[PDB]
Structure formats: structure tokens, C-alpha cells
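Residues in the sequence shown are numbered consecutively from 3, following the deposited numbering.
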Amino acid sequence: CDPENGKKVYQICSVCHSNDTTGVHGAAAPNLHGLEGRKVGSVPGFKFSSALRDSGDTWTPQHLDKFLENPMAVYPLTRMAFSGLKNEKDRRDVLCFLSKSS
Ligand code: HEC
């Protein structure tokens with residue numbers, strides 16, 4: 003995993019999402035600070051779709067990788083309008099950039 007490539011890949015997420023210490027969500031999507039290991043659809047102050055609002059899943063690396071590859075294959079009714087990252091390197095790299103160690 004190359005977190006440097008990951009930061010570049012992440013530019014596709016950064017208009018919808020925020021990712022900072024402020025707790026404030028992005029223009030269209032939740033703050034991704036603290037994502038790794040977080041319960042799905044739980045960060046306060048963001049109105050999730052019913053699928054994510056009602057989920058008991060956790061954003062493990064394995065669950066995040068599946069979701070980034072094809073969001074509606076994991077949560078069909080999601081409001082995330084994103085086709086998915088089909089390149090395995092780009093998924094692993096952006097996950098690496100999104101890790102707590104980053
Ligand atoms: C706008 C067009 C988006 C782009 C581009 C990306 N995401 Fe997104 N994401 C978006 C919305 C509107 C939502 C909420 C969905 C719902 O059904 O309520 C999300 C949600 C996520 C989550 C779940 C967060 C949680 O706290 O459970 C994750 C992990 C996520 N998005 C990641 C992500 C990444 C890594 C992206 C770039 C590759 C990305 N999103 C793009 C809107 C949009």
C-alpha cells in the first residue's frame with residue numbers, strides 16, 4: 003500500500019466527503035475522519051440512507067474494500083452516487099491513506 007497514491011486517488015472522494023478534525027460533514031457526504039473500524043452509518047450529525055442508518059456492520063478493511071469496489075452491491079439503497087473503484091491497487095491505496103495510521 004502506497005498512501006501517496008492513495009491521497010491522489012482520494013481526490014475523487016473529497017468533493018462529496020470531508021475528512022478533518024472538525025466533526026462537520028462534507029458538501030454531500032459524512033466526514034471520513036476516524037473511519038477505520040467505525041460502525042457503519044453512525045457518525046453523528048449526518049442523515050444516512052435507511053440501509054446505512056439501520057446497519058450493524060463495522061467499516062473493517064474488508065468491508066470497506068467491498069463497498070468501494072461496488073457501493074450498491076453492498077448497500078443497494080445507498081445515497082452514495084459512485085460507480086466504484088475497479089482497480090485493486092487504487093482501493094488498497096485509498097484504504098491505506100484512510101487508515102488510522104495516516
Ligand atoms: C458524492 C457523489 C460521493 C462521492 C464521489 C463519494 N462518496 Fe462516499 N458517500 C456519499 C454519500 C452521500 C454517503 C452517505 C450514503 C448513505 O447511503 O447514507 C457516503 C458514504 C460513505 C461511507 C460510509 C460512511 C459511514 O460513516 O458509514 C464511506 C466509507 C464512503 N462514503 C467512502 C467514500 C470513498 C472512499 C470515496 C472515494 C473513493 C467516496 N466515498 C466517494 C457520497 C459520495
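No residue lacks a Cβ here, since even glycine has one placed at the ideal position from N, Cα and C.
Between the CA atoms of residue j and residue i - distance to the nearest angstrom
| i | j | result |
| --- | --- | --- |
| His35 | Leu70 | 16 Å |
| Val76 | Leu54 | 10 Å |
| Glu90 | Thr24 | 31 Å |
| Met82 | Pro73 | 7 Å |
| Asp56 | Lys10 | 32 Å |
| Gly86 | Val26 | 24 Å |
| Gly58 | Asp67 | 17 Å |
| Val96 | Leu79 | 23 Å |
For residue i, three-class secondary structure by DSSP
| i | result |
| --- | --- |
| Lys41 | strand |
Cβ-heavy atom distance, residue i to the ligand HEC, below 8 Å
| i | result |
| --- | --- |
| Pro32 | yes |
| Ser51 | yes |
| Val26 | no |
| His19 | yes |
| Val11 | yes |
Buried or exposed (CB count within 10 angstroms, at least 16 for buried), residue i
| i | result |
| --- | --- |
| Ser52 | exposed |
| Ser20 | buried |
Own chain partners of residue i with C-beta closer than 8 Å, once the 5 adjacent residues on each side are dropped
| i | result |
| --- | --- |
| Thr60 | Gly39, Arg40, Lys41, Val42 |
| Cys98 | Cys3, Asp4, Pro5, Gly8, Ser104 |
Beta-carbon contacts of residue i that lie in its chain and below 7 Å, excluding the five residues immediately before and after
| i | result |
| --- | --- |
| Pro32 | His19, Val45, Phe48 |
Residue i: CB within 8 Å of a non-hydrogen atom of the ligand PLP
| i | result |
| --- | --- |
| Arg94 | Summarising the ligand content, the structure contains the ligand HEC and does not contain the ligand PLP. |
Cβ-based neighbour list, residue i, same chain, cut-off 6 Å, excluding 5 preceding and 5 following
| i | result |
| --- | --- |
| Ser101 | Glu38 |
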